[PDB]
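Peer 1: Model the structure of this input:
(7 chains)
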Amino acid sequence: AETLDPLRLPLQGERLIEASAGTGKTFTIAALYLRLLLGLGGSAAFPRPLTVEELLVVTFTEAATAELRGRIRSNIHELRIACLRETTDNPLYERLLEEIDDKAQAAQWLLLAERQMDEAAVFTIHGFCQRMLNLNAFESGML
Amino acid sequence: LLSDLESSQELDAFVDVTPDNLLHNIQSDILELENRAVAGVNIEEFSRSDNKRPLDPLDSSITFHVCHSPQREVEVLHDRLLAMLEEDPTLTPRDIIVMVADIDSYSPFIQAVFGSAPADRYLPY
Amino acid sequence: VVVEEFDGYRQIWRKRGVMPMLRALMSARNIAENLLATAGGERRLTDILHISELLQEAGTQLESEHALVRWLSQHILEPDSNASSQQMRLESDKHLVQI
Amino acid sequence: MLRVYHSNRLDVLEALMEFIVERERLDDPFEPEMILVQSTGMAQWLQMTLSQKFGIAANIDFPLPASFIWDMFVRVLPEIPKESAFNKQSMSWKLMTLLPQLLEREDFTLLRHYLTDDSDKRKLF
Amino acid sequence: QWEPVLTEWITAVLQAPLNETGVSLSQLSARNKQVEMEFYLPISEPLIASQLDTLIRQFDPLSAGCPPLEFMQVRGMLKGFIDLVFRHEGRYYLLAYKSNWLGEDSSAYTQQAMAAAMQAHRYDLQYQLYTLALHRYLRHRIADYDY
Amino acid sequence: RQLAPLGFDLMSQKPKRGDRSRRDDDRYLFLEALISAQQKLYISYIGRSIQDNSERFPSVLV
Amino acid sequence: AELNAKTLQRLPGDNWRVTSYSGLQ
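Peer 2: Numbers count the residues shown, from 1 in each chain, chains lettered A, B, ... in the order given. The structure is reproduced below:
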């Protein structure tokens, strides 16, 4: 196995993260969510930045999904404030601000993510299955 | 879509609101189309805080409440409406409206906390 | 006098509902203060309040008055566990050993 | 001439409508006064405010915009029935008959894979 | 089976004129008639039943009997639905419909029995409120109006 | 209140000016509730769960 | 410690209702 850095993880193919007990799993998930939103990483980055309605997060417990949605919303607001101010008090937010070259487009994308946070695609397993059965009902054959 | 009409006659009758309360401040900021949110691009704007608008501690226009259950929420709401009726001598319950996101979920609790009041405490709903 | 006040409770229960009758019964008899004064009666009072809330939630969907009594006797005879019909925490301010 | 009235609140628009009605009276007394609303509470509040301002509020029709547009379609162009042939239930009961007839086409193979698996006339409706 | 008797009864209703001059319902055009006029009537004073029933009995001759009803002080709005309002030869008239009439099968429904039914069901207050609403409507609509 | 589209509707693919959605209608309802309040505005939301005492976050508008 | 409850001085509202003829009979 290898060590995991949230700002150097290649988001290509299949990756297996083993988060031990007590580790910051919800923080690493929020960091990877901001990385997928802003499109950071350089050579190991995504080929294109994605919106809020294109990032799928699957967690079993509904309260865990609500807590993760609230934490990602708070992280989006804090990163938008730190990008408007060009300064922060967090070292991971400092490296996130150091990774980007442009500030106005990133701030506009974070504002659009804050406004589209209600339509975020962070659902459970059975909720995602019901949504995919009700959406494409023709190929599946669902009422 | 309204501005695209050719033969439209546009008349404006806007009554300005004097910004004294917090709700009147928000309505004046919406009507006048201005940005009062301080981002703090520099450290001088981030250090000082008197550049914002002063909010009086007795201004009870906009309040946000955190509750634990749909029963306790409307039980707090009934006491707060009684306090608002006691605070102002000229206040009609017809001028008070309560809007819920889902009526069928909260309406049993609303009827329960509105029927249990005694004759000196009962307000019509 | 007891029969007269129970007939008044029946009139309130037929006119105003479940929770007004239960609140008038708990206010006239003053049983809530006696259960709070008794050591170990706060959990009993919270259970009484939750049973009253569940009876009021089940009484709006039923028209007859005996139908709610039959529903309460059935749910007594049915120990099935729903997410709403479970026992809650009795107190939060006093620290307890949490098993 | 199409007149557009921009205002901040609704009481100014109600006072302007009262001034318009009191300024220009109707030549036909039995002619209803068309006030286009969206909900029943808006029409009820307008009726109460017009009764408070005028002393009475009667023969005021509050139709839907679609109903008023179809009424103007009937009144302006002739040879038109009062009800539209293309409604929701009418098109549903037409398509419930037409969809089994169109399953033999090549373009409806997706609906054939959705429908011909199991059908007790539930998915079709 | 009731249909062929009902329609001729309807024509028997339509052939009977209802006016002091003998004006039938067939002489009323579509613009003259108005069916189901809904009105809202405001009142800012507390409606006292004792100050109102005496004012009714001062002028209405049907209030000789009919001991007064008791109701609370009502301040606000009053709703009403008039069945029909129609004009004829420059004069406005009101028409309402009552159709229960269970206790009569013979020709005993004279003016005395109808007045007794009006006194029993207390339709005098309803007709007086209808006259007040029509007076206010004709005052608001038509300029230079006389009652 | 979120209402998902049918998926095979063509109005959701290419939106126009006169298109109406329930999310924008709810946001405009919140704006009209903010503007229509004259004297006092009261807002109450469930913040703590009654079952497990979990933190319940409010809406994005609040 | 000692604690008390505030009491309302007057009635919460007058008899305001939008009724009909059937409401007055």
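Peer 1: Spit out the contact partners of residue E:126.
Peer 2: residue G:21 (Cβ atoms under 8 Å, 6 or more residues apart in numbering or on different chains). (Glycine included, C-beta is placed from N, CA and C.)
Peer 1: contacting residues for the residue sitting nearest the centre point of chain E?
Peer 2: Nearest to the geometric centre of chain E sits residue E:127, at 4.3 Å (Cα atoms, centre = their mean). Residues counted as contacts of residue E:127 (Cβ under 8 Å, 6+ apart) are residue E:96.
Peer 1: Mind listing what's buried along whichever strand or helix holds it?
Peer 2: Assessed by DSSP states H and E, residue E:127 sits inside helix E:124-141. By neighbour count on 16 or more other Cβ atoms under 10 Å in any protein chain shown, the buried set for helix E:124-141 is E:124-126, E:129-130, E:132-134, E:136-138, E:140-141.
Peer 1: do stretch E:100-114 as well
Peer 2: Taking 16+ other Cβ under 10 Å as the criterion, stretch E:100-114 shows none as buried.
Peer 1: neighbours of residue 11, just the number please.
Peer 2: The chain I'm using is chain A. Using other Cβ atoms under 10 Å in any protein chain shown, residue A:11 has 15 other residues around it.
Peer 1: let's do chain G instead
Peer 2: 12.
Peer 1: One more: the one 3 residues further on?
Peer 2: Burial of residue G:14 is recorded as 13 neighbouring residues (other Cβ under 10 Å).
Peer 1: My read is that it contacts residue E:75, right?
Peer 2: Yes - if you go by Cβ atoms under 8 Å, residue G:14 and residue E:75 touch, sitting 6.5 Å apart.
Peer 1: Tell me which residues touch residue A:109, please.
Peer 2: Residue A:109 touches A:37, A:38, A:49, counting by Cβ under 8 Å, 6+ apart.
Peer 1: can you do 10 Å?
Peer 2: Contacts for residue A:109 (Cβ atoms under 10 Å, 6 or more residues apart in numbering or on different chains) come out as A:37, A:38, A:39, A:49, A:51, A:76, A:80, A:83, A:102.
Peer 1: State the phi and psi torsions of residue F:25.
Peer 2: phi -70, psi -40 (degrees, to the nearest 10).
Peer 1: Okay, and the closest residue to residue E:135 other than its chain neighbours sits in which element?
Peer 2: Counting by Cβ to Cβ, 6 or more residues apart in numbering or on different chains, residue E:147 is the residue found nearest to residue E:135 once chain neighbours are left out, at 5.6 Å. Using DSSP H and E, residue E:147 maps to neither a helix nor a strand.
Peer 1: quick one: residue E:147 and residue A:109, what's the gap?
Peer 2: In this view, residue E:147 and residue A:109 are 72 Å apart by Cβ to Cβ, to the nearest Å.
Peer 1: Closest one of the contacts of residue A:109 to chain F?
Peer 2: residue A:76 (10.6 Å; Cβ to the nearest Cβ).
Peer 1: measure the closest one to chain B for me?
Peer 2: Between residue A:76 and chain B the computed distance is 16 Å (Cβ to the nearest Cβ, to the nearest Å).
Peer 1: by contact count, what packs against the helix or strand encompassing that residue?
Peer 2: Residue A:76 is part of helix A:62-85 when elements are defined by DSSP H and E. If you count contacts as 3 or more Cβ pairs under 10 Å, 6 or more residues apart in numbering or on different chains; DSSP states H and E, helix A:62-85 packs onto helix A:25-38, strand A:57-58, helix A:91-99, helix A:104-115, strand A:122-123, helix A:125-135, helix B:43-47.
Peer 1: Distance to residue D:29 added to the ones you listed, as TSV?
Peer 2: Putting the helices and strands packed on helix A:62-85 into TSV (distance: least, Cβ to Cβ, whole Å) gives the following:
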stretch	distance to residue D:29
helix A:25-38	65
strand A:57-58	66
helix A:91-99	73
helix A:104-115	53
strand A:122-123	61
helix A:125-135	56
helix B:43-47	66
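Peer 1: Just give the closest residue to residue C:72, not the sequence neighbours.
Peer 2: Nearest to residue C:72 is residue C:55, by Cβ to Cβ, 6+ apart, at 6.3 Å.
Peer 1: name the element that neighbour belongs to?
Peer 2: With DSSP H and E as the criterion, the answer for residue C:55 is helix C:42-59.
Peer 1: and the gap between whatever residue of chain F ends up closest to chain E and chain G?
Peer 2: Residue nearest to chain E within chain F (Cβ to the nearest Cβ): residue F:38, separated by 20.7 Å. Plainly put, residue F:38 is 19 Å away from chain G if you go by Cβ to the nearest Cβ.
Peer 1: can you pull the contacts of that residue?
Peer 2: By Cβ under 10 Å, 6+ apart, the contact list for residue F:38 reads B:17, B:23, B:24, B:27, B:61, B:95, D:9, D:11.
Peer 1: you'd agree the last one is in a strand?
Peer 2: No - the secondary structure assignment for residue D:11 gives helix rather than a strand, going by DSSP: H, G, I helix; E, B strand; the rest coil.
Peer 1: what's near enough to touch it?
Peer 2: B:15, D:49, F:38.
Peer 1: do the same with the first one
Peer 2: Listed by Cβ under 10 Å, 6+ apart, the contact partners of residue B:17 are B:23, B:24, B:25, B:26, B:27, B:28, B:30, B:31, B:32, D:8, D:9, F:38.
Peer 1: now do 6 Å
Peer 2: B:24, B:27, B:28 (Cβ atoms under 6 Å, 6 or more residues apart in numbering or on different chains).
Peer 1: and what of the third one?
Peer 2: Listed by Cβ under 6 Å, 6+ apart, the contact set of residue B:24 reads residue B:17.
Peer 1: sec struct for it, please.
Peer 2: helix.
Peer 1: one step back: I'd like to know which of the helices and strands packed on helix A:62-85 lies nearest to residue A:141.
Peer 2: Nearest of the helices and strands packed on helix A:62-85 to residue A:141, taken as Cβ to Cβ: helix A:125-135 at 9.0 Å.
Peer 1: Whatever residue of chain E ends up closest to chain A: neighbouring residues, count only.
Peer 2: Using Cβ to the nearest Cβ, the single residue of chain E nearest to chain A is residue E:77, 40.3 Å away. Residues within reach of residue E:77, counting by other Cβ under 10 Å, total 20.
Peer 1: what packs against the one helix or strand it maps to?
Peer 2: Under the criterion of DSSP H and E, residue E:77 resides in strand E:76-88. Contact partners of strand E:76-88 among helices and strands, from 3 or more Cβ pairs under 6 Å, 6 or more residues apart in numbering or on different chains; DSSP states H and E: strand E:33-43, strand E:91-95.
Peer 1: Only the buried residues of the longest one, if you could.
Peer 2: Within strand E:33-43, the residues that count as buried by 16+ other Cβ under 10 Å are E:34, E:37, E:39, E:40, E:41, E:42.
Peer 1: May I have the beta-bridge partners of the first one?
Peer 2: Meaning residue E:34. For residue E:34, the beta-bridge partners are residue E:85 (DSSP bridges).
Peer 1: Residue E:134 versus that one, what's the distance?
Peer 2: 11 Å.
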